[PDB]
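# Coordinates in review
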2 protein chains.
Amino acid sequence: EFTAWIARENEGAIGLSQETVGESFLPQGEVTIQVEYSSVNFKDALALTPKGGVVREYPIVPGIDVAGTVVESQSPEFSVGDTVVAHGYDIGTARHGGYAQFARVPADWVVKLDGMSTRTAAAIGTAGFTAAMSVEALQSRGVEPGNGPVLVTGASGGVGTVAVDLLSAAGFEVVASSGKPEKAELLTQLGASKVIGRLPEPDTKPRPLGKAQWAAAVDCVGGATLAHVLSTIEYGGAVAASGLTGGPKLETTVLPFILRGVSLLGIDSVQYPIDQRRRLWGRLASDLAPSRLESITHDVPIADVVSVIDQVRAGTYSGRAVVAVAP
Amino acid sequence: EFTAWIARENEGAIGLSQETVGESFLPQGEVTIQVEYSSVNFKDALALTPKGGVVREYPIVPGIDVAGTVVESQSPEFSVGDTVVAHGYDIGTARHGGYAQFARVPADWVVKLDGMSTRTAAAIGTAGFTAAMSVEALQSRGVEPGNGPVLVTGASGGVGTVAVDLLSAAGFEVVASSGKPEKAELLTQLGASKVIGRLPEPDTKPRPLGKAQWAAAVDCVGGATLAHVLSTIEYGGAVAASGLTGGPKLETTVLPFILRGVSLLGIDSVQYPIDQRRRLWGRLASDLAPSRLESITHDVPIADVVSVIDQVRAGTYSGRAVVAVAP
Ligand SMILES: [Cl-]
């Protein structure tokens, strides 16, 4: 038996509840993990919110990111003592995740760590992984430094911040767009050449093709922002669409695509194929490592997690929270 | 002096006029081509249509595709006797194009033919080139035969017919969507596994995420058709958008992108960089040669062109018209 921090719904509200629990509580899987570290994401905070729309059904241990050490394995790909990261698929949303001393997952959902420490794996986590996919996607369509600035929208969120870091470190001129002026310095510290406010700017008349400004973009916002970005991408550029704030509707035109050769590349880390996921983590370990992430990382003891979750939900938390569970 | 077929605007009508002209009438450029073949596209019909929206100003020699022999060159890259194809940029829309015995173009807009004949290069033309671009775009995002059908919308048009041919020949299972049931046989002859009508079908409810039926698509329609296609692409699939039939507006959602990892890739043959254009014509000569295009190709003497333009404008023309400018 071990300690798990279980989310439970009673009379409409949702509460994180520290409880001792046995083996039979864990979901089904070939690989059991002593969870060293986890993270706090907006998605983890939504799992502890009434109408959050993230959890299929309670009760559930939240924590979409799981990083730690294999204690038991019924799979020949993983040995005891291997360090691993597991994220995406059902983890922390439809089955028990990282906010517990132990977790169990299929081997088909597990990534083996090499150089990278478990703490770093968790610090990067789903958010940084998604940023890395966005960078690969853009590069997969010919985007290279020195044909203009790369825009990152919703830049202060978890994906945006790592994107700025990765793109700047790969030699792109990054312009970060954020609706939170208090975050401009942090974004600059992460490599933004400039920081601007929300898009479109209030005065702007929307056109099918507006003034070409951006060589590429990483979009974390969707809606009218994305529609505006598409109208202002340069000939042959691309946009990696990673996120949604507001409704899902997108009202655009086909003109940037057919007249400007623009590409819109949808980024999904949840169901990304495991072979590719493992490959990408290797990059995260090496050439795609976020160099300046540590400088905004803060260690949060699992016991103090509700405090951070609340600030993340309120949108007032600064930096990246890596949750110390069992280290 | 030589013969040109010139489109002139007269009291609201647009007619093609066979006229004797001299060198000074040719536009500026390093390469002079004795035109052997051109083609009829819907775009060329529109050039010869009152509110067609394709021609910058009249008078103009229409014909977006030019294939023939270099007879003069101020450029070291082209020699007298070289066979070439020239299409895109301003050709046949903002400067004199292929419906004339000679044409002149910058060297940077010219593709030198090796194996390929000028007849073949005209028969493929812009429409076939655009089909080949669409196939490359899909493959650039991982699309492969064997894990579901590929949709081709507006399939009976110039781009769609060549896309059916190329995709079926590469092993894909191609479903051809066509609003013209009389064309089903021709589409089957070019390799369509199945032929269906227009999309969406009247009895389908439009959703953000509809039934995942298509591994990928080549869309030549845009509008509500493209919105529907985007909502019905399977996880990780892609769409190559080349066309606009209706309005340019596109009302969609970000959900196929964000939740299903779908890509939308805009296809522009008009301004595509010459270096890439030249490489892709090498492929059309070899690994991407449309194997069944000759079976639907028809030679049309330049003198009889108006008859074919009128049928193409009406949507009543069967197959591909290659125009023999020079005897
Ligand atoms: Cl933001």
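Residues numbered from 1 in each chain as written, not as in the entry; some residues may be left out. Chains lettered and ligands numbered in written order. Heavy atoms only, no water. Residues with missing side-chain atoms left out of burial classes, pairs and counts.

In the PDB header, X-ray crystallography is given as the technique by which the entry was determined, and 2.00 Å as its resolution.

Another point: the overall build of chain A. Within chain A, the secondary structure is distributed over eight helices and 16 strands. Computed over C-alpha atoms, the radius of gyration of chain A comes to 20 Å, within 12% of the 20 Å expected from 2.2 N^0.38 for 327 residues, which places it in the range of a compact globule. A principal-axis box enclosing the C-alpha atoms of chain A has dimensions of 60 × 45 × 35 Å. Nonlocal contacts in chain A, meaning residues at least 24 apart in sequence, comprise 70% of its contacts between residues at least 6 apart. (Helix = DSSP H or I, 4+ residues; strand = E, 2+ residues; numbered from the N terminus. Rg over C-alpha atoms; globule rule 2.2 N^0.38 Å. Contact = heavy atoms within 4.5 Å.)

What follows covers the sheet that holds strand 14 (residues 263-266) of chain B. Taken together, 12 strands build an open sheet; the order of strands is 10(A)-9(A)-8(A)-11(A)-12(A)-14(A)-14(B)-12(B)-11(B)-8(B)-9(B)-10(B) and the sheet is mixed. Either end of the sheet is taken by a strand with one partner, and the two such strands are strand 10 (194-196) of chain A together with strand 10 (194-196) of chain B. With strand direction ignored, the average angle separating the axes of adjacent strands in the sheet is 20 degrees. For strand 8 (residues 150-152) of chain A and strand 9 (residues 174-177) of chain A, the ladder comprises three bridges, and the chain directions are parallel. In the strand pairing of strand 9 of chain A, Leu151(A) is matched with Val175(A). Lying on the sheet, helix 5 (residues 223-232) of chain A is in contact with strand 8, strand 11 (214-219), strand 12 (233-241) and strand 14 (263-266) of chain A; it crosses strand 12 of chain A at an angle near 155 degrees. Docked against the sheet, helix 5 (residues 223-230) of chain B engages strand 8 (150-152), strand 11 (214-219), strand 12 (233-241) and strand 14 of chain B, running at close to 155 degrees with respect to strand 12 of chain B. (Pairing = 2+ DSSP bridges. Axes fitted to C-alpha atoms, helices over the stretch in contact; angles between N-to-C directions.)

Below, the discussion takes up the domain arrangement of chain A. All names here are of chain A. The domains assigned to chain A are domain 1 (1-126 + 292-327) and domain 2 (127-291). Facing the 26 residues of domain 1 at the interface are 27 residues of domain 2. Counting each side, the surface lost to burial between domain 1 and domain 2 is near 2,100 Å², with a carbon and sulfur contribution of 55%. For domain 1, the biggest contributors to the area lost against domain 2 are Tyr89, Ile124 and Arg292; these three give 36% of the whole. Where domain 1 touches domain 2, the interface holds one salt bridge. A salt bridge links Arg292 to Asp165; its shortest N-O distance comes to 2.8 Å. Where the side of domain 1 that touches domain 2 is concerned, the elements lending two or more residues are strand 5 (83-87), strand 7 (110-112) and helix 2 (118-140). Among the elements that line the side of domain 1 that touches domain 2, the one with the most residues is helix 2, at four residues. (Domains from an automatic or database assignment. Buried area = accessible area lost by both parts, 1.4 Å probe. Salt bridge = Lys/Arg side-chain N within 4 Å of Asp/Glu carboxyl O.)

Tallying each qualifying case throughout the model produces eight aromatic pairs over all chains. Between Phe129(B) and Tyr272(B), the aromatic rings sit 6.1 Å apart at their centres with planes inclined by 65 degrees, giving edge-to-face as the arrangement. Separated by 143 residues along the polypeptide, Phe129(B) in helix 2 (residues 118-140) and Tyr272(B) in the loop between strand 14 and helix 7 (274-285) bring together distant segments of the chain. The pair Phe129(B) / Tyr272(B) is uniform in exposure class, with both members buried. Here the aromatic residues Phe129(A), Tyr272(A) and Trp281(A) are joined through ring pairs into a cluster of three or more. Lying across the ring of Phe78(B), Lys112(B) places its NZ or CZ 5.3 Å from the centre. (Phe/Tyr/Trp six-rings, centres within 6.5 Å; stacked < 30°, edge-to-face > 60°. Buried < 20%, exposed > 50% of the residue type's maximum accessible area, 1.4 Å probe, protein only. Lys NZ or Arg CZ within 6 Å of the ring centre and 35° of its normal.)

Glancing now at the relation of the copies chain A and chain B. Superposing chain A onto chain B requires a rotation of 179 degrees together with a translation of 0.1 Å along the rotation axis, leaving an RMSD of 0.4 Å. Put plainly, the chains are arranged around a two-fold axis. Take the interface residues of chain A: 100% of them recur as interface residues in chain B, which is what a same-surface contact looks like. (Least-squares fit on C-alpha atoms.)

Before going further, it helps to spend a moment on the pairing of strand 15 (residues 297-301) of chain A. Residue and element names in this part refer to chain A. Note: strand 15 against strand 16 (residues 320-324), five bridges, orientation parallel. Paired with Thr297 across the two strands is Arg320, which belongs to strand 16. Note on the crossover from strand 15 through helix 8 (residues 305-314) to strand 16: the handedness is right-handed. (Right-handed = clockwise from strand over helix to strand, strands pointing away.)

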